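Everything below concerns the one structure shown next.
Values in this text are rule-based calculations from the coordinates and carry no lab data. Positions of Cβ are generated from backbone atoms using ideal geometry, with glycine treated the same way; all protein chains shown enter the neighbour counts.
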Amino acid sequence: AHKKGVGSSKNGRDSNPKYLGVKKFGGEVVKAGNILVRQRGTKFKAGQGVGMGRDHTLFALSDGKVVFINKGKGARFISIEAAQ
Amino acid sequence: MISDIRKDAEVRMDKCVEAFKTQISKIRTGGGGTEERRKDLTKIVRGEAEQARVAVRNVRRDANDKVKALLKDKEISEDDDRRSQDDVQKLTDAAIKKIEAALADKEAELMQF
RNA sequence: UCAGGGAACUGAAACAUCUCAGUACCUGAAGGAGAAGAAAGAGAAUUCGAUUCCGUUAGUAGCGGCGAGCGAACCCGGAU
RNA sequence: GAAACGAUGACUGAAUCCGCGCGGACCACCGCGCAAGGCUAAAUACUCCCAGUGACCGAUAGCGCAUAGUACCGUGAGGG
RNA sequence: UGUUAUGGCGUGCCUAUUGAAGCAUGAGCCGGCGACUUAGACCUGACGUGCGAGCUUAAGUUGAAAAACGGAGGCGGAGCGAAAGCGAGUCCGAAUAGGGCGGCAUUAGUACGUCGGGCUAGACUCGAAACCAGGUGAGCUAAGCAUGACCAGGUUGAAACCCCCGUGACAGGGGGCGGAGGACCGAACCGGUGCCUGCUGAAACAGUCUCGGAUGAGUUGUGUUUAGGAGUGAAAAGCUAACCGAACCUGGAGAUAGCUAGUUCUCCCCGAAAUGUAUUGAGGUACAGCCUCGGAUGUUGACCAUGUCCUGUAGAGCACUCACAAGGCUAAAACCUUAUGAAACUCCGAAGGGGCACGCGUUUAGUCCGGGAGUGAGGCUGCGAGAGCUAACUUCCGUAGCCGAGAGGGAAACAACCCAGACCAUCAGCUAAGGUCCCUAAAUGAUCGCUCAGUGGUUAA
RNA sequence: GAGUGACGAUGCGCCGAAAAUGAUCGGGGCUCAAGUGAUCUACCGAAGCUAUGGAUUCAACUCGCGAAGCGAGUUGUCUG
RNA sequence: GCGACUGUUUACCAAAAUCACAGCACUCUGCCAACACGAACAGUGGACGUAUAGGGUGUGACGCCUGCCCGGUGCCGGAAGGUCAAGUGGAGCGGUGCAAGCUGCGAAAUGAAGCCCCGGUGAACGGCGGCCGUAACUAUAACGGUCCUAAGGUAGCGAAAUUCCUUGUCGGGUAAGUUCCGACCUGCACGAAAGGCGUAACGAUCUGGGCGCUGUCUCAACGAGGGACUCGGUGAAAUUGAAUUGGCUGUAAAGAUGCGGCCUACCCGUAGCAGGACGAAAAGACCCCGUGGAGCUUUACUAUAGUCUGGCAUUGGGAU
RNA sequence: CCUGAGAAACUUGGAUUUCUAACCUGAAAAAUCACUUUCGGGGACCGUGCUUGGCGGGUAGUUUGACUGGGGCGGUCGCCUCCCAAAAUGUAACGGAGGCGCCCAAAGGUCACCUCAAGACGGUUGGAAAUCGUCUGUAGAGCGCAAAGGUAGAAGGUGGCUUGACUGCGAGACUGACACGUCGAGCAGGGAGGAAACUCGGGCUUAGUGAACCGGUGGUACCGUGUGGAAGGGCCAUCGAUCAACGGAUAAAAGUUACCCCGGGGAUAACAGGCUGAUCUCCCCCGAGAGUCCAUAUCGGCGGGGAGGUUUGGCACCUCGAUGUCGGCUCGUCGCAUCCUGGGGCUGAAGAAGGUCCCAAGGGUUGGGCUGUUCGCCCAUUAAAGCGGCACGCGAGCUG
RNA sequence: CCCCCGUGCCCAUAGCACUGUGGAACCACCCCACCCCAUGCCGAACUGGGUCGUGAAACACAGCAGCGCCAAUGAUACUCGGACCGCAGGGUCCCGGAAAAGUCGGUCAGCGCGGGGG
């Protein structure tokens, strides 16, 4: 036993594997159930023919063409133009 | 933790040195030196320096045990033992350095006349 | 060859478990060979038939800190 | 380990013909066989000793030695 | 040819390494010996032959001369499930979603052989400290025991003993006498203090000279008993036949050896890695990354363009956040003017970069299956950051080139830098870097000035 | 008394500048510069490129033979 | 200074402040003793002993002495109570078959030593502090609150070597003393049977001083004898990449005869010196590494010799 | 039958006690054992055999992690947040800050509905804050906990019903080296909430976690070694590990070696060298100020620019099949920042004795006490009694 | 031609704010509310049943450049790449790319469907 501490305070070690980022970009022929962009907040909202997952995962609702749309920050929707 | 003992050591130390440095001035009656009556007076000064040396050693043989027997209770590892030594030395040696330096001036006055 | 007694590195990239092994060494007994030998047996299509040996069965069934790794027997050809 | 049967060291201590053992906890049933008495080349194992052969050697190889367990080290086991 | 003088250029081999002539390892020289095998009806594959459904085991017979029969078994010959079991289908489940397989570009192959490899055994070769079993001896030194042996000389002077003193007497003191002694001095003897010598000795432990004991717990002879993970031990882990914290000899295996060293004939082709992850792991190894070989494929690779999407290093900047420069002003926060900083601020924000389809100047890779690898800390340098006096020929990420396994020229010398990647041969030519007075080649060349320090040849306020 | 005085910017340079076995730009030397800013040209100088000859690796294109295969010309390679 | 003394040891680096001792102490053992050697209810040593005798431990002439604390540990003692082993023994749950009967699971009570729990025992292990404060001629000693708990130093000594802190501070001998002897006391970390303090004699013990003498020295000089040197005779070794094996300044894996540049230099010895050859000699005996090894220790893991213990036997017969 | 007595049957358990032909043990004639014998003595205890639990380092066999700008002490090792970057992904450092080893019987599901922080003017047991009200209000607040993203049509604040905080499944993707891990449209079975389209397979997302083995407990009637069950086994489900050194040896393991031994290392320390130079040493710049007056005779705050490398050290590159470590004694020698001498300038220099700075290494620089010392104090002197190099010069020279 | 009502695209070169023009048609207030249904408390909201009056106020059109919002020639930062410099901090040269901000300017919208009115 003691009267101080089991370990020295003031740390700065031990990081975490991160990720996230974009998987599919504009001009991509994805298939129904294809991950587009991963995130945690709301950087890219779902567009026409696109759904949102639990941790906000824009996936392809159907086969088409991945297209990005922006109105100048604030919110960026991602629609998919089906072929034929 | 050394930043805590350093103060407690310097404060108590300088507090004594600053005290004796003022008490020695109470011994000088005036001029000092009246036919052979110069060395006999120095005897009183020897006591001031003698008590000073001990006072400087006490804090060293008192504050050390407060940490030595403290880092053994599974709180502080080694590499700090010698670190604490070089910490009290800069205070002990400095103190004695001021004592001898002060006595050098005092003796130059008690024998001046 | 049989019996009595019977390791440890080493393996498990430790290790007591197991492994190395009932190996080594010692000892008792015997011979030209022995041990064993005529089934309260294996084992099962209600089959075979003293004991030993070879091949296969099978590195299967199974044993295991079920890890390492150890690992039959019946049936089937054969010496006899 | 659910783990039977054999095997004894300590204890206990059946039956003996509508009997007993066995057949994998155990039971029924069906099934298989009779212990506690004994003997038995052979086909198996080895290689001191011999004879023959060897894509075996050929004298710093082959046994250690073309002739010694001598010379020599060791109190000795033993080594050589 | 042999030999030679003079010129040039010219840092052993090897191992080990980020880097070797290395003042790092190894080796006196020659000679010869001396290290990646053997085995299993093993597994998996490459080449090959025989069948193409393929093949024997043990054994049995010929037994100067040779191969045959042996068809027990073994590999093919659908699968799926945990299993019952069902089946060109079977499990999940009372559903029609998927996994396994079949059909489709259709091999089913098997046996013998050679060759890469894997596994199990000494299993590339050499080397332990140690462990266990049995055995060897106390003719070592440690001690016990039985029985004997020995101690020149000299000194000291015990108790006890006669006697004596003033004194009844009991304790003392004296003279005589006696001979005590883990007593003294001391030779032999025993043991070792101190110095020197010796230190490839005279000698594997000693000599001279000193010193200690020298009737003693003494020295000693003979015989003799205890044993060596145990004895013995006036105790150091001392001693147990001259290196004993566990003897020595022989066997258990040539223990293990993830560590070290070495590994032998030539040429041709390719050509690595020092990264990531996990690790009682951090010089170790697994998987991938990277290499090669071959079978399928046969332009999807590769750079360069074009359009398209995502970041939000550099910069910036204030109206967000944390700090911040001067005054105002208010009862200081705020609000104002002027002015700011910022990896972890940001309403702005590029370069370049990254995904994609697309093609040409292009171009000649890419990939899938499968055999065999090695590497698994890497080093410097510019650039972009952390650490750290933005100190280290410092360390730790990213990135490019070189080294590493690339010589050649250049930087006097010099893995790193600069120019360049060496198939062979040429007393042949053009260049790159860099240079062109002489030591080596090449203008002690031109023009305009700067210089005068001999600067040019380690620095600043 | 047809010239001066104060700075501000840069090109060059002086001081600042002290090391331990003897000194030096590699050395000799170099200002009648072989120092240096800009200008041009010539030459030198790698095993780079080039020339004559040859050998090796991979591909396709004319071959011969019934075949494995050989040798032949062409481009590249020959990555060291 | 250390120890009392003579005595012993680390055969080949340590003979001593070691050990040993005479002396003191705690304890154990009366049985075929404790105890020890032994595969053994065999044998023997303890002892042809027998308790002021025998083993164990520690301590160690002799002298004044031998404090406070048993909480924890161990040691003996107690004992209605709490947990437990094998076993005895009673309800129960399940399996099979027709049934007799035949077989698994587990069970209240009860079941030895031990363990807890209580007492004691310190010449048994052992302990005798942490936080803040300082004032008082001469005489010893330090206080007062806050505390885990059981305490928290009585005598004596206190820089001996124990005192880190400077040589601590006066004092003594010296021309001058980081030493040594007296003292002070602030003992980082004295001290009572891991004994305190002291002690005449002894010590190839350690420490300091003085006397005497001296080549230890200021400085050596000289002489001698044994090599060394020369000739005849016999003739070894460690070492050894190979060698026609300079100096400086610079480089290079950062200490170059061998690279560069500069300078020096005829060829070969013999005495002789030791600077370099990172000179030899032992694959550094210090470090780091290897889930390498070994001795040793222990309240680390686990068996186990041994020893305690209930039941079962060779172990029956009577009375309550 | 139900209670109690009386009995030569026996008679399990069991305490005492008693005896004894076993057994043990002692004298005598042939004193080891054995006949026998008076005996005696103990005793059917002991001892011995099996077995239960204990005590058990007396012996035996082992364990005692790693990273680790040498080891050790310490700290730290699994997860998520930022930051650190060569700008998508990714990425090291015992690099800069911070959290987890939960929580929610419902902040979950579905459906309805509510405009936050904060200031300002004016009112209350209020005179800081809140509360009520009204203006303002790119939301500056909130979101259970860490940071970030997200930031209002809401996840944000309330209510009803509800409990999909679901079984049977997953086209195709994210990510990983492997094993994990994440996201998911659509299918079915059956349900929940709206009127409906619809949403719904936990929670605004990211941590709140753990392989495998071994075993607990419910469901299922696949095996079950002759058939028939059963024991045991298998599958669904789920529980258990503070395995926390968290990809995780055993069911279970601490120290010490100066008695040390073997295999290796200069991919790791101490000596020395080297790089370096913070620290050390010293030179120079600025002038606060002292110095009567005066800044520089001398001294120079505060702050600064370099130098040398003799100090602490950092890094650790040749050297651990061996670069012998302090000091002294011996031999020296070299540099200057010159202690003494030698020449100079300035002085606050009258002389004299100094100061200081400049130039200047020819040569010189004592004897002792203490100390093991280098170093330092002291004694007695001197022209003076210098500083530092040379593997802290010198052990194939000595001492030790 | 206009205007009102809804509902879209667009998501501040459309926003706020000074003021005005507008109510006939549409639009809101207002009126009442036992009960459907409804407020933590109020029918302000939600909402049932409905005039006149009104159009300060919510709305709707419109003007004005206060402020917001957007915002380019030049030019500098940075800079791929190419070539160097200083002991270093750090710095430049050549070819392209090349934004923050601030300067000019530009605005307070533009494009539909639908139903209702003169």
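Pick from the stretch A:7-36 the residues that are within 6 Å of RNA strand H (Cβ to nearest atom) and within 14 Å of chain B (Cβ to nearest Cβ): which of them is surrounded by the fewest Cβ atoms within 10 Å (Cβ to Cβ)?
Taking the stretch A:7-36 first, the residues within 6 Å of RNA strand H (Cβ to nearest atom) are A:7-8, A:10-19, A:21-23, A:31-35.
Within this subset, residues satisfying the condition of being within 14 Å of chain B (Cβ to nearest Cβ) are A:7-8, A:10.
On the way: A:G7: 6, A:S8: 8, A:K10: 4.
Going through the qualifying residues, I end up with A:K10.
Answer with yes or no whether A:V37 is touching an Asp or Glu at 6+ places or on another chain (Cβ under 7 Å) and either part of a strand (DSSP E or B) or within 16 Å of RNA strand G (Cβ to nearest atom) (or both). Before the answer, list the steps.
Working: touching an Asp or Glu at 6+ places or on another chain (Cβ under 7 Å): no; either part of a strand (DSSP E or B) or within 16 Å of RNA strand G (Cβ to nearest atom) (or both): yes.
No, not satisfied.
Against the conditions (1) within 14 Å of chain B (Cβ to nearest Cβ); (2) surrounded by 12 or more Cβ atoms within 10 Å (Cβ to Cβ); (3) of a type outside the set (F, W, Y), where does A:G49 fall short? Just the number, please.
So A:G49 meets the others, but not (1).
Given the conditions (1) assigned to a strand (DSSP E or B); (2) within 14 Å of chain B (Cβ to nearest Cβ), which single one is not true for A:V67?
(2)
Here is a list: B:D62, B:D73, B:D105, B:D87. Which entry is within 30 Å of A:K4 (Cα to Cα), free of Cβ contacts under 8 Å to residues at least 24 places away in the same chain and assigned to a helix (DSSP H, G or I)? Explain how you work it out, then say what you get.
On the way: B:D73 fails: assigned to a helix (DSSP H, G or I); B:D105 fails: within 30 Å of A:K4 (Cα to Cα); B:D87 fails: free of Cβ contacts under 8 Å to residues at least 24 places away in the same chain.
Going through B:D62, B:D73, B:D105, B:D87 in turn, the sole match is B:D62.
Looking only at the stretch B:63-87, count how many residues are in contact with a helix residue (DSSP H, G or I) (Cβ under 9 Å, 6 or more places away or on another chain) and more than 16 Å from RNA strand H (Cβ to nearest atom).
Of the residues in the stretch B:63-87, 3 are in contact with a helix residue (DSSP H, G or I) (Cβ under 9 Å, 6 or more places away or on another chain) and more than 16 Å from RNA strand H (Cβ to nearest atom).
Looking at the stretch A:4-16, is at least one residue over 30 Å from B:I76 (Cβ atoms), of a type in the set (D, E, K, R) and out of contact with any helix residue (DSSP H, G or I) (no Cβ under 8 Å at 6 or more places or on another chain)?
Applying the first criterion (over 30 Å from B:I76 (Cβ atoms)) to the stretch A:4-16 yields A:16.
Imposing the further condition that a residue be of a type in the set (D, E, K, R) reduces the set to none.
Within the stretch A:4-16 (the criterion being over 30 Å from B:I76 (Cβ atoms), of a type in the set (D, E, K, R) and out of contact with any helix residue (DSSP H, G or I) (no Cβ under 8 Å at 6 or more places or on another chain)), the answer is no, since none of the residues qualifies.
With the requirement that a residue be within 16 Å of RNA strand I (Cβ to nearest atom), small (G, A, S) and part of a loop (DSSP other than H, G, I, E, B), what does the stretch A:41-64 give you?
A:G41, A:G47, A:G49
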